[PDB]
file input.csv (CSV, C-alpha atoms and all ligand atoms)
chain,number,residue,atom,x,y,z
A,28,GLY,CA,-31.0,54.5,15.7
A,29,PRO,CA,-34.2,53.2,17.3
A,30,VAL,CA,-36.3,55.4,19.7
A,31,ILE,CA,-38.4,53.5,22.2
A,32,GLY,CA,-41.2,54.9,24.4
A,33,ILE,CA,-41.3,54.4,28.2
A,34,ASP,CA,-44.0,55.1,30.7
A,35,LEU,CA,-42.0,55.4,33.9
A,36,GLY,CA,-44.9,55.1,36.4
A,37,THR,CA,-45.1,55.3,40.2
A,38,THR,CA,-45.9,51.5,40.7
A,39,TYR,CA,-45.0,50.2,37.2
A,40,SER,CA,-43.3,50.9,33.9
A,41,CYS,CA,-44.2,49.9,30.4
A,42,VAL,CA,-42.1,50.0,27.2
A,43,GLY,CA,-43.3,50.4,23.6
A,44,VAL,CA,-41.6,50.4,20.1
A,45,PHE,CA,-43.0,51.9,16.9
A,46,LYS,CA,-42.0,49.4,14.1
A,47,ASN,CA,-43.3,48.9,10.4
A,48,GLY,CA,-46.0,51.5,11.1
A,49,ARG,CA,-47.4,50.0,14.5
A,50,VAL,CA,-46.8,50.5,18.3
A,51,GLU,CA,-45.9,47.2,20.0
A,52,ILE,CA,-46.1,47.1,23.8
A,53,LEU,CA,-43.3,44.5,24.8
A,54,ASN,CA,-43.7,41.7,27.3
A,55,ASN,CA,-41.0,41.4,30.0
A,56,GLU,CA,-39.3,37.9,30.5
A,57,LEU,CA,-42.4,36.7,32.6
A,58,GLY,CA,-44.7,37.6,29.7
A,59,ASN,CA,-46.3,40.8,31.3
A,60,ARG,CA,-46.8,44.2,29.5
A,61,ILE,CA,-46.5,46.0,32.9
A,62,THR,CA,-43.2,45.7,35.1
A,63,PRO,CA,-43.5,46.6,38.8
A,64,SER,CA,-41.1,49.6,39.5
A,65,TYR,CA,-39.4,47.6,42.3
A,66,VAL,CA,-35.7,47.0,42.9
A,67,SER,CA,-34.5,44.6,45.7
A,68,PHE,CA,-31.0,44.5,47.4
A,69,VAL,CA,-31.1,41.1,49.2
A,70,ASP,CA,-28.3,38.5,49.9
A,71,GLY,CA,-25.8,40.1,47.5
A,72,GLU,CA,-28.2,40.0,44.4
A,73,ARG,CA,-30.0,42.9,42.8
A,74,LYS,CA,-33.5,42.1,41.2
A,75,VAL,CA,-35.7,44.5,39.1
A,76,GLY,CA,-39.5,44.1,38.6
A,77,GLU,CA,-41.7,41.3,39.7
A,78,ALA,CA,-38.9,39.2,41.3
A,79,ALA,CA,-38.0,42.3,43.4
A,80,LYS,CA,-41.6,42.9,44.4
A,81,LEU,CA,-41.9,39.4,45.7
A,82,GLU,CA,-38.9,40.1,48.1
A,83,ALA,CA,-40.9,43.0,49.8
A,84,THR,CA,-42.8,40.6,52.1
A,85,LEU,CA,-39.8,39.0,53.9
A,86,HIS,CA,-37.2,41.9,53.1
A,87,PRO,CA,-39.2,45.2,53.4
A,88,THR,CA,-36.1,47.4,54.2
A,89,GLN,CA,-34.1,46.1,51.2
A,90,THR,CA,-37.0,46.4,48.6
A,91,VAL,CA,-37.2,49.9,47.0
A,92,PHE,CA,-40.3,51.2,45.2
A,93,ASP,CA,-42.4,54.4,44.6
A,94,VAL,CA,-39.0,56.3,44.0
A,95,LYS,CA,-41.0,58.6,41.6
A,96,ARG,CA,-42.4,60.1,44.8
A,97,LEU,CA,-38.9,61.3,45.7
A,98,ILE,CA,-37.2,62.1,42.3
A,99,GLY,CA,-36.0,65.7,42.0
A,100,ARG,CA,-37.5,66.7,45.4
A,101,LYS,CA,-36.0,68.1,48.7
A,102,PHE,CA,-35.8,66.0,51.9
A,103,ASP,CA,-37.8,68.6,53.9
A,104,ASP,CA,-40.6,69.0,51.3
A,105,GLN,CA,-43.9,68.3,53.0
A,106,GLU,CA,-44.7,65.5,50.4
A,107,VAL,CA,-41.3,63.8,51.1
A,108,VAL,CA,-41.7,64.0,55.0
A,109,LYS,CA,-45.1,62.1,54.5
A,110,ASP,CA,-43.5,59.5,52.1
A,111,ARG,CA,-40.6,58.8,54.6
A,112,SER,CA,-43.3,58.0,57.3
A,113,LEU,CA,-45.0,55.5,54.8
A,114,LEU,CA,-42.1,53.8,53.0
A,115,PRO,CA,-40.3,50.9,54.8
A,116,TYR,CA,-36.8,51.4,53.3
A,117,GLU,CA,-34.5,54.1,54.8
A,118,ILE,CA,-34.5,57.6,53.2
A,119,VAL,CA,-31.6,59.9,54.3
A,120,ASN,CA,-30.8,63.6,53.8
A,121,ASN,CA,-27.9,64.0,51.4
A,122,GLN,CA,-27.3,67.8,51.1
A,123,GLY,CA,-31.0,68.7,51.2
A,124,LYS,CA,-32.1,65.7,48.9
A,125,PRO,CA,-33.7,62.4,49.7
A,126,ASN,CA,-31.4,59.4,49.1
A,127,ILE,CA,-32.3,55.7,49.5
A,128,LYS,CA,-30.1,53.6,51.9
A,129,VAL,CA,-30.0,49.8,51.8
A,130,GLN,CA,-27.4,47.0,52.5
A,131,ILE,CA,-25.5,45.1,49.8
A,132,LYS,CA,-23.6,42.2,51.4
A,133,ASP,CA,-24.2,44.0,54.8
A,134,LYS,CA,-22.5,47.2,53.5
A,135,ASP,CA,-24.5,50.5,53.8
A,136,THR,CA,-25.1,51.7,50.2
A,137,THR,CA,-26.8,55.1,49.3
A,138,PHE,CA,-28.6,55.8,46.0
A,139,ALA,CA,-30.1,58.9,44.5
A,140,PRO,CA,-33.7,58.3,43.3
A,141,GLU,CA,-32.4,58.7,39.7
A,142,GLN,CA,-30.0,55.8,40.3
A,143,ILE,CA,-33.0,53.5,41.2
A,144,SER,CA,-35.1,54.8,38.3
A,145,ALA,CA,-32.1,54.1,36.0
A,146,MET,CA,-32.3,50.4,37.0
A,147,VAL,CA,-36.0,50.3,35.9
A,148,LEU,CA,-35.1,52.2,32.6
A,149,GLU,CA,-32.2,49.7,32.0
A,150,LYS,CA,-34.6,46.7,32.3
A,151,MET,CA,-37.1,48.4,29.8
A,152,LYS,CA,-34.1,49.1,27.6
A,153,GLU,CA,-33.0,45.4,27.6
A,154,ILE,CA,-36.6,44.3,26.8
A,155,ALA,CA,-36.5,46.6,23.7
A,156,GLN,CA,-32.9,45.6,22.6
A,157,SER,CA,-33.7,41.9,22.8
A,158,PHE,CA,-37.1,42.4,20.9
A,159,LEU,CA,-35.5,44.7,18.2
A,160,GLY,CA,-32.2,42.6,18.1
A,161,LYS,CA,-30.0,45.8,18.2
A,162,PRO,CA,-28.7,48.3,20.8
A,163,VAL,CA,-31.1,51.1,21.9
A,164,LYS,CA,-29.6,54.5,22.9
A,165,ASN,CA,-32.7,56.8,22.6
A,166,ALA,CA,-36.1,57.1,24.3
A,167,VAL,CA,-39.2,59.2,24.9
A,168,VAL,CA,-40.1,59.1,28.6
A,169,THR,CA,-43.3,60.3,30.2
A,170,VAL,CA,-43.6,62.4,33.4
A,171,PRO,CA,-46.7,63.8,35.2
A,172,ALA,CA,-47.8,67.2,34.0
A,173,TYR,CA,-47.2,68.7,37.5
A,174,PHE,CA,-43.4,67.7,37.3
A,175,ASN,CA,-41.2,70.8,37.7
A,176,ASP,CA,-37.8,71.3,36.0
A,177,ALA,CA,-35.8,69.5,38.8
A,178,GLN,CA,-38.2,66.5,38.6
A,179,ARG,CA,-37.9,66.4,34.7
A,180,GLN,CA,-34.0,66.9,34.9
A,181,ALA,CA,-33.6,64.1,37.5
A,182,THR,CA,-35.7,61.9,35.1
A,183,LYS,CA,-33.3,62.8,32.2
A,184,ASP,CA,-30.4,61.9,34.5
A,185,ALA,CA,-32.0,58.5,35.2
A,186,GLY,CA,-32.0,58.0,31.5
A,187,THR,CA,-28.3,59.0,31.1
A,188,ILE,CA,-27.3,56.5,33.9
A,189,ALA,CA,-29.2,53.8,32.1
A,190,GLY,CA,-27.3,54.6,28.7
A,191,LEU,CA,-30.5,56.3,27.3
A,192,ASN,CA,-30.5,59.7,25.7
A,193,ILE,CA,-34.0,61.0,26.5
A,194,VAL,CA,-34.6,62.9,23.3
A,195,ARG,CA,-38.1,64.1,24.6
A,196,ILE,CA,-39.9,64.2,27.9
A,197,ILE,CA,-43.7,64.4,27.4
A,198,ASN,CA,-46.4,64.7,30.0
A,199,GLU,CA,-48.8,61.8,30.7
A,200,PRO,CA,-51.9,63.7,29.4
A,201,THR,CA,-50.2,64.4,26.1
A,202,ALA,CA,-49.1,60.8,25.8
A,203,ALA,CA,-52.7,59.6,26.4
A,204,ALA,CA,-54.0,62.0,23.7
A,205,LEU,CA,-51.5,60.6,21.2
A,206,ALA,CA,-52.4,57.0,22.1
A,207,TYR,CA,-56.2,57.6,21.6
A,208,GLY,CA,-55.4,59.6,18.3
A,209,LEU,CA,-57.4,62.6,19.6
A,210,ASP,CA,-57.9,64.9,16.5
A,211,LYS,CA,-55.2,67.7,16.5
A,212,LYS,CA,-57.0,70.2,14.2
A,213,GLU,CA,-59.2,73.0,15.7
A,214,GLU,CA,-59.5,73.4,19.5
A,215,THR,CA,-60.5,70.6,21.9
A,216,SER,CA,-60.6,70.6,25.7
A,217,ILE,CA,-60.0,67.1,27.2
A,218,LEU,CA,-60.3,66.0,30.9
A,219,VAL,CA,-57.6,63.3,31.4
A,220,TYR,CA,-58.7,61.1,34.4
A,221,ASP,CA,-55.6,58.9,35.4
A,222,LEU,CA,-56.2,56.5,38.3
A,223,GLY,CA,-53.3,54.1,38.7
A,224,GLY,CA,-52.2,51.6,41.4
A,225,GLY,CA,-50.9,54.3,43.8
A,226,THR,CA,-51.8,57.8,42.5
A,227,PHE,CA,-54.7,59.7,41.0
A,228,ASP,CA,-54.1,62.6,38.5
A,229,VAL,CA,-56.6,64.7,36.5
A,230,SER,CA,-55.6,67.3,33.9
A,231,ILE,CA,-57.4,69.6,31.5
A,232,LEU,CA,-55.5,69.2,28.2
A,233,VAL,CA,-56.2,71.6,25.3
A,234,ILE,CA,-55.3,70.6,21.8
A,235,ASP,CA,-55.2,73.6,19.4
A,236,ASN,CA,-54.0,73.1,15.8
A,237,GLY,CA,-51.6,70.3,16.9
A,238,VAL,CA,-50.2,72.2,20.0
A,239,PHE,CA,-50.9,70.4,23.4
A,240,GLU,CA,-51.2,72.5,26.5
A,241,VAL,CA,-52.1,71.3,30.0
A,242,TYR,CA,-54.2,74.3,31.4
A,243,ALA,CA,-54.6,72.8,34.9
A,244,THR,CA,-53.6,69.7,37.0
A,245,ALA,CA,-54.7,68.3,40.4
A,246,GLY,CA,-54.8,64.9,42.0
A,247,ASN,CA,-54.3,62.7,45.1
A,248,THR,CA,-50.8,61.2,45.5
A,249,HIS,CA,-52.2,58.4,47.9
A,250,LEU,CA,-55.3,57.2,46.0
A,251,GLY,CA,-55.2,54.2,43.6
A,252,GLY,CA,-56.0,50.6,43.0
A,253,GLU,CA,-53.8,49.5,46.0
A,254,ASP,CA,-56.1,51.5,48.4
A,255,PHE,CA,-59.2,49.6,47.0
A,256,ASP,CA,-57.4,46.3,47.6
A,257,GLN,CA,-56.4,47.3,51.2
A,258,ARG,CA,-60.1,48.1,52.0
A,259,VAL,CA,-61.0,44.5,50.9
A,260,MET,CA,-58.1,43.1,52.8
A,261,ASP,CA,-59.2,45.0,56.0
A,262,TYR,CA,-62.8,43.5,55.6
A,263,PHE,CA,-61.6,39.9,55.1
A,264,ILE,CA,-59.0,40.1,57.9
A,265,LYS,CA,-61.8,41.2,60.3
A,266,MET,CA,-64.1,38.4,59.0
A,267,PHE,CA,-61.4,35.6,59.3
A,268,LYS,CA,-60.7,36.7,62.9
A,269,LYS,CA,-64.4,36.7,63.8
A,270,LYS,CA,-64.9,33.2,62.4
A,271,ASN,CA,-61.6,31.4,63.1
A,272,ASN,CA,-60.0,33.4,66.0
A,273,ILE,CA,-57.0,33.9,63.6
A,274,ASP,CA,-55.6,37.4,63.0
A,275,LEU,CA,-54.0,37.0,59.5
A,276,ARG,CA,-51.8,40.2,60.1
A,277,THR,CA,-49.7,38.0,62.5
A,278,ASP,CA,-48.4,36.1,59.5
A,279,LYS,CA,-46.7,38.2,56.7
A,280,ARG,CA,-46.8,35.2,54.2
A,281,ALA,CA,-50.6,34.8,54.8
A,282,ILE,CA,-51.1,38.6,54.1
A,283,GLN,CA,-49.0,38.3,50.8
A,284,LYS,CA,-51.1,35.3,49.6
A,285,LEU,CA,-54.4,37.1,50.4
A,286,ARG,CA,-53.3,40.4,48.7
A,287,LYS,CA,-52.6,38.4,45.5
A,288,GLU,CA,-56.0,36.7,45.4
A,289,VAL,CA,-57.8,40.0,46.5
A,290,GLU,CA,-56.1,41.9,43.5
A,291,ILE,CA,-57.4,39.1,41.1
A,292,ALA,CA,-60.9,39.2,42.7
A,293,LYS,CA,-61.0,43.0,42.2
A,294,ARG,CA,-60.1,42.6,38.5
A,295,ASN,CA,-62.8,39.9,38.0
A,296,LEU,CA,-65.4,42.2,39.6
A,297,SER,CA,-64.8,44.7,36.8
A,298,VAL,CA,-66.6,42.0,34.5
A,299,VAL,CA,-68.6,39.7,36.9
A,300,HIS,CA,-70.8,40.4,39.9
A,301,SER,CA,-69.5,37.6,42.3
A,302,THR,CA,-66.1,35.9,42.6
A,303,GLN,CA,-64.5,33.3,45.0
A,304,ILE,CA,-61.2,34.2,46.9
A,305,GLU,CA,-59.5,30.9,47.8
A,306,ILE,CA,-56.2,30.0,49.5
A,307,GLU,CA,-55.5,26.4,50.6
A,308,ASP,CA,-53.6,26.6,54.0
A,309,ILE,CA,-53.4,30.4,54.2
A,310,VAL,CA,-51.9,29.3,57.5
A,311,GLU,CA,-51.3,25.5,58.2
A,312,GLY,CA,-54.6,23.6,58.7
A,313,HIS,CA,-56.8,26.6,57.7
A,314,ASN,CA,-58.2,27.4,54.2
A,315,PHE,CA,-59.4,30.8,53.2
A,316,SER,CA,-62.6,30.7,51.2
A,317,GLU,CA,-64.9,33.7,50.7
A,318,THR,CA,-67.3,35.3,48.1
A,319,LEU,CA,-66.9,38.9,47.2
A,320,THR,CA,-69.6,40.7,45.3
A,321,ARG,CA,-69.3,43.9,43.2
A,322,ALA,CA,-71.8,45.5,45.6
A,323,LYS,CA,-69.6,44.8,48.7
A,324,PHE,CA,-66.4,45.8,46.7
A,325,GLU,CA,-68.2,49.2,45.9
A,326,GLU,CA,-69.6,49.6,49.5
A,327,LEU,CA,-66.1,49.1,50.9
A,328,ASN,CA,-64.5,51.8,48.6
A,329,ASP,CA,-67.4,54.2,47.7
A,330,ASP,CA,-65.9,57.1,49.8
A,331,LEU,CA,-62.5,56.7,47.9
A,332,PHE,CA,-64.3,56.5,44.5
A,333,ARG,CA,-66.1,59.8,45.3
A,334,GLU,CA,-62.9,61.5,46.5
A,335,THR,CA,-61.6,61.3,42.9
A,336,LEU,CA,-64.3,64.0,42.1
A,337,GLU,CA,-62.5,66.6,44.4
A,338,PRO,CA,-59.5,67.1,42.1
A,339,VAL,CA,-61.9,67.2,39.1
A,340,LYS,CA,-63.8,70.2,40.6
A,341,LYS,CA,-60.4,71.8,41.5
A,342,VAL,CA,-59.1,71.6,37.8
A,343,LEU,CA,-62.4,72.9,36.5
A,344,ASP,CA,-62.3,75.8,39.1
A,345,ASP,CA,-58.5,76.5,38.3
A,346,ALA,CA,-59.2,76.7,34.5
A,347,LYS,CA,-62.5,78.7,35.1
A,348,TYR,CA,-64.3,75.9,33.1
A,349,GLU,CA,-68.0,74.9,33.1
A,350,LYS,CA,-68.5,71.1,33.0
A,351,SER,CA,-70.0,71.6,29.5
A,352,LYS,CA,-66.7,73.2,28.2
A,353,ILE,CA,-65.1,69.7,28.4
A,354,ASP,CA,-65.4,68.2,24.9
A,355,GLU,CA,-64.3,64.7,26.1
A,356,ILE,CA,-63.1,62.7,29.1
A,357,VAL,CA,-60.3,60.2,28.6
A,358,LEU,CA,-59.6,57.5,31.2
A,359,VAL,CA,-56.1,56.0,31.7
A,360,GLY,CA,-54.9,53.6,34.4
A,361,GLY,CA,-56.2,50.0,35.1
A,362,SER,CA,-58.4,51.3,37.9
A,363,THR,CA,-60.7,53.2,35.4
A,364,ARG,CA,-62.0,49.7,34.3
A,365,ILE,CA,-64.0,49.7,37.6
A,366,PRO,CA,-67.6,50.2,36.5
A,367,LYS,CA,-68.5,52.4,39.5
A,368,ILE,CA,-65.6,54.8,38.6
A,369,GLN,CA,-67.0,55.3,35.1
A,370,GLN,CA,-70.6,55.7,36.4
A,371,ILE,CA,-69.5,58.4,39.0
A,372,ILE,CA,-67.6,60.4,36.2
A,373,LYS,CA,-70.6,60.1,33.7
A,374,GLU,CA,-73.0,61.4,36.5
A,375,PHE,CA,-70.6,64.3,37.5
A,376,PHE,CA,-70.6,65.4,33.8
A,377,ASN,CA,-74.5,65.5,33.8
A,378,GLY,CA,-74.6,62.3,31.5
A,379,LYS,CA,-71.6,62.7,29.2
A,380,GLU,CA,-69.9,59.3,28.5
A,381,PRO,CA,-66.1,59.0,29.2
A,382,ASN,CA,-63.8,57.6,26.4
A,383,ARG,CA,-61.9,54.5,27.6
A,384,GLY,CA,-59.6,52.2,25.7
A,385,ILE,CA,-59.4,48.4,26.2
A,386,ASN,CA,-55.8,48.6,27.7
A,387,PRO,CA,-55.8,51.8,29.9
A,388,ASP,CA,-52.7,50.6,31.7
A,389,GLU,CA,-50.7,50.8,28.4
A,390,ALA,CA,-52.1,54.0,26.9
A,391,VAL,CA,-49.3,56.3,28.3
A,392,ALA,CA,-46.5,54.0,27.0
A,393,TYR,CA,-48.4,53.6,23.7
A,394,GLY,CA,-48.4,57.5,23.3
A,395,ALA,CA,-44.7,57.7,24.3
A,396,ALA,CA,-43.9,55.2,21.4
A,397,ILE,CA,-46.2,57.3,19.0
A,398,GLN,CA,-44.1,60.4,20.0
A,399,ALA,CA,-40.9,58.4,19.3
A,400,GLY,CA,-42.3,57.6,15.7
A,401,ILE,CA,-43.4,61.3,15.2
A,402,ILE,CA,-39.8,62.4,16.1
A,403,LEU,CA,-38.2,59.9,13.7
A,404,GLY,CA,-40.5,61.0,10.8
B,501,LIG,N1,-56.5,44.2,33.9
B,501,LIG,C1,-56.6,45.0,34.7
B,501,LIG,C2,-56.8,45.9,35.8
B,501,LIG,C3,-55.8,46.7,36.4
B,501,LIG,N2,-56.3,47.3,37.5
B,501,LIG,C4,-55.6,48.0,38.5
B,501,LIG,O1,-54.9,49.1,37.9
B,501,LIG,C5,-53.8,49.4,38.8
B,501,LIG,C6,-52.6,49.6,37.9
B,501,LIG,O2,-52.3,48.3,37.1
B,501,LIG,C7,-53.6,48.3,39.8
B,501,LIG,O3,-54.1,48.8,41.1
B,501,LIG,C8,-54.5,47.2,39.2
B,501,LIG,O4,-55.2,46.4,40.2
B,501,LIG,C9,-57.7,47.0,37.6
B,501,LIG,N3,-58.5,47.4,38.5
B,501,LIG,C10,-59.8,47.0,38.3
B,501,LIG,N4,-60.2,46.2,37.3
B,501,LIG,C11,-59.4,45.7,36.4
B,501,LIG,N5,-59.8,44.9,35.5
B,501,LIG,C12,-58.0,46.1,36.5

call {"tool": "encode", "arguments": {"input": "input.csv", "output": "structure tokens", "more": "lines below"}}
Ligand SMILES: N#Cc1cn([C@@H]2O[C@H](CO)[C@@H](O)[C@H]2O)c2ncnc(N)c12
result
Amino acid sequence: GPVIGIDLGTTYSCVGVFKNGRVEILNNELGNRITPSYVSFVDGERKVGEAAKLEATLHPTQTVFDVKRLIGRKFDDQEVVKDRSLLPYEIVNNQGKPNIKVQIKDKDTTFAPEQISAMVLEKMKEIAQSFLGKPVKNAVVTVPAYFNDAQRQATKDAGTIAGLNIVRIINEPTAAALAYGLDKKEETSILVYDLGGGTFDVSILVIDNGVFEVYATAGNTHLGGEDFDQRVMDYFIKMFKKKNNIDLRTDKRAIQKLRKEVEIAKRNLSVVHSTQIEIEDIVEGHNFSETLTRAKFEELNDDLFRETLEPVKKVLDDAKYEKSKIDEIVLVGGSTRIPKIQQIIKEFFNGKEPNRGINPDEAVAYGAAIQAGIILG
């Protein structure tokens, strides 16, 4: 049978197939290579992906996301106590474990995290089946290198619920190394710098005659692209209030429209120096129209960019490594396209240039699909 590769991310998932000797990263039905890991339970319908994410503005308690933060953990774990205070959907204690509670046609309905992750895996499965024109029963699925056995097993259980035999779990650093075709002969020490939408992970990965070992891992579970957007949002909400006597936080729809344009402006500023953020009638009778520069984008986020270096010093200290011991730096996550991030990493490594791809958001799924091909022979 076919074996597909799935990057099951905190904020998004991505599915790849290995076919006639190539990895193809598959578009969802809206033509995107990345699917938001959102599931909504509104008005008797269940939605998965972008349509679910759009429900979050008006139905925040019914729109489930960031389930990867809960999967295989205990309700009283210090990380889960913190996530319950941040997440707007209800999390309950079922026998020591966090479960998600929502309403379906007004009825209280409880889900284990693996049941929500299974709904994301089933959408990625369907994208594969439709593209390949046959049923898919097998998958390689990625996890963070810091996942323990209970987190890996709950990920395998999500696959079983979705009708997927997960024939192999591989860590995100390993998947990145396969995607970039890092040479497997002799011994190489790789720093994998992974800055996504919601989380930051860094690992030291050593490749030794085709054996992959993560020697050390550290990160920041609340530092990613979304934090950079929120800093811009905070600035423009202050400015619009100063100029127009309108506080855009009082209108949830206005906030949703601004967040969309701010995300687009951030992306543009990875290439250009100046971009316009425009919304006709952000509220009735009032247009939003501002310029954001790369310099103001950086000024608003420079403390958060520099915080990424704290886990980097920690993994070097944990592995008793000198900076010069790192043979290469590999960047994964869309947020590594930010020019200031690359510059700060280069400077920390006394001038050594980091390796990036052109699609860092797809590297992990790409490597999962490579592992699928390696397993089929
Ligand atoms: N294409 C693209 C980019 C994606 N991301 C971010 O990666 C995160 C995960 O997808 C998310 O928070 C997103 O906004 C980018 N960030 C900066 N510059 C870019 N050019 C991109």

call {"tool": "closest_residue", "arguments": {"input": "input.csv", "among": "A:133, A:103, A:349, A:290", "to": "residue 121 (chain A)", "atoms": "all atoms listed in the file"}}
result
A:103

call {"tool": "closest_atom_pairs", "arguments": {"input": "input.csv", "of": "chain A", "to": "ligand LIG 501 (chain B)", "cutoff": "6 Å", "atoms": "only C-alpha atoms and all ligand atoms", "output": "JSON lines"}}
result
{"residue": "A:223", "atom": "CA", "partner": "B:LIG501", "partner_atom": "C6", "distance": 4.6}
{"residue": "A:224", "atom": "CA", "partner": "B:LIG501", "partner_atom": "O3", "distance": 3.4}
{"residue": "A:252", "atom": "CA", "partner": "B:LIG501", "partner_atom": "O3", "distance": 3.2}
{"residue": "A:253", "atom": "CA", "partner": "B:LIG501", "partner_atom": "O3", "distance": 5.0}
{"residue": "A:290", "atom": "CA", "partner": "B:LIG501", "partner_atom": "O4", "distance": 5.7}
{"residue": "A:293", "atom": "CA", "partner": "B:LIG501", "partner_atom": "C10", "distance": 5.7}
{"residue": "A:294", "atom": "CA", "partner": "B:LIG501", "partner_atom": "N5", "distance": 3.8}
{"residue": "A:297", "atom": "CA", "partner": "B:LIG501", "partner_atom": "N4", "distance": 4.9}
{"residue": "A:360", "atom": "CA", "partner": "B:LIG501", "partner_atom": "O1", "distance": 5.7}
{"residue": "A:361", "atom": "CA", "partner": "B:LIG501", "partner_atom": "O1", "distance": 3.2}
{"residue": "A:362", "atom": "CA", "partner": "B:LIG501", "partner_atom": "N3", "distance": 3.9}
{"residue": "A:364", "atom": "CA", "partner": "B:LIG501", "partner_atom": "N4", "distance": 4.9}
{"residue": "A:365", "atom": "CA", "partner": "B:LIG501", "partner_atom": "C10", "distance": 5.0}
{"residue": "A:388", "atom": "CA", "partner": "B:LIG501", "partner_atom": "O2", "distance": 5.9}

call {"tool": "closest_residue", "arguments": {"input": "input.csv", "among": "A:91, A:193, A:219, A:154", "to": "residue 171 (chain A)", "atoms": "only C-alpha atoms"}}
result
A:219

call {"tool": "atom_distance", "arguments": {"input": "input.csv", "atom1": "CA of residue 185 (chain A)", "atom2": "CA of residue 30 (chain A)"}}
result
16.4 Å

call {"tool": "closest_residue", "arguments": {"input": "input.csv", "among": "A:339, A:181, A:285, A:127", "to": "residue 262 (chain A)", "atoms": "all atoms listed in the file"}}
result
A:285

call {"tool": "atom_distance", "arguments": {"input": "input.csv", "atom1": "CA of residue 394 (chain A)", "atom2": "CA of residue 215 (chain A)"}}
result
17.9 Å

call {"tool": "residues_around", "arguments": {"input": "input.csv", "residues": "residue 350 (chain A)", "least_positions_apart": "4", "cutoff": "10 Å", "atoms": "only C-alpha atoms", "output": "PyMOL selection string"}}
result
chain A and resi 218+339-340+343-344+354+375-377+379

call {"tool": "residues_around", "arguments": {"input": "input.csv", "residues": "residue 139 (chain A)", "least_positions_apart": "2", "cutoff": "10 Å", "atoms": "all atoms listed in the file", "output": "PyMOL selection string"}}
result
chain A and resi 94+97-99+118-119+121+124-128+137+141-145+181+185

call {"tool": "closest_residue", "arguments": {"input": "input.csv", "among": "A:217, A:146, A:57, A:202", "to": "residue 187 (chain A)", "atoms": "only C-alpha atoms"}}
result
A:146

call {"tool": "residues_around", "arguments": {"input": "input.csv", "residues": "residue 51 (chain A)", "least_positions_apart": "2", "cutoff": "9 Å", "atoms": "only C-alpha atoms", "output": "PyMOL selection string"}}
result
chain A and resi 42-46+49+53+393+396

call {"tool": "closest_residue", "arguments": {"input": "input.csv", "among": "A:40, A:369, A:382, A:88", "to": "residue 150 (chain A)", "atoms": "only C-alpha atoms"}}
result
A:40

call {"tool": "closest_residue", "arguments": {"input": "input.csv", "among": "A:86, A:161, A:249, A:211", "to": "residue 235 (chain A)", "atoms": "all atoms listed in the file"}}
result
A:211

call {"tool": "build_atoms", "arguments": {"input": "input.csv", "residues": "region 115-126 of chain A", "atoms": "N, CA and C atoms", "output": "compact mmCIF listing (two decimals), in the coordinates of the input"}}
result
# COMPACT_ATOMS: atom_id res chain seq x y z
N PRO A 115 -41.00 51.74 53.83
CA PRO A 115 -40.30 50.90 54.80
C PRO A 115 -38.74 50.90 54.64
N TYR A 116 -38.23 51.35 53.48
CA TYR A 116 -36.80 51.40 53.30
C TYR A 116 -36.32 52.78 53.80
N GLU A 117 -35.06 52.85 54.21
CA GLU A 117 -34.50 54.10 54.80
C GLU A 117 -34.27 55.15 53.77
N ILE A 118 -34.74 56.35 54.03
CA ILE A 118 -34.50 57.60 53.20
C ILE A 118 -33.67 58.52 54.09
N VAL A 119 -32.52 58.96 53.60
CA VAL A 119 -31.60 59.90 54.30
C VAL A 119 -31.48 61.20 53.53
N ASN A 120 -31.04 62.22 54.26
CA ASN A 120 -30.80 63.60 53.80
C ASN A 120 -29.38 63.69 53.29
N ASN A 121 -29.18 63.69 51.98
CA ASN A 121 -27.90 64.00 51.40
C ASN A 121 -27.91 65.40 50.79
N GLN A 122 -27.42 66.38 51.54
CA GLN A 122 -27.30 67.80 51.10
C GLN A 122 -28.61 68.37 50.65
N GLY A 123 -29.68 68.13 51.42
CA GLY A 123 -31.00 68.70 51.20
C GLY A 123 -31.92 67.76 50.37
N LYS A 124 -31.39 66.66 49.81
CA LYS A 124 -32.10 65.70 48.90
C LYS A 124 -32.31 64.35 49.45
N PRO A 125 -33.45 63.68 49.17
CA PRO A 125 -33.70 62.40 49.70
C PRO A 125 -32.83 61.34 48.94
N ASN A 126 -32.11 60.50 49.67
CA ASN A 126 -31.40 59.40 49.10
C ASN A 126 -31.95 58.09 49.73
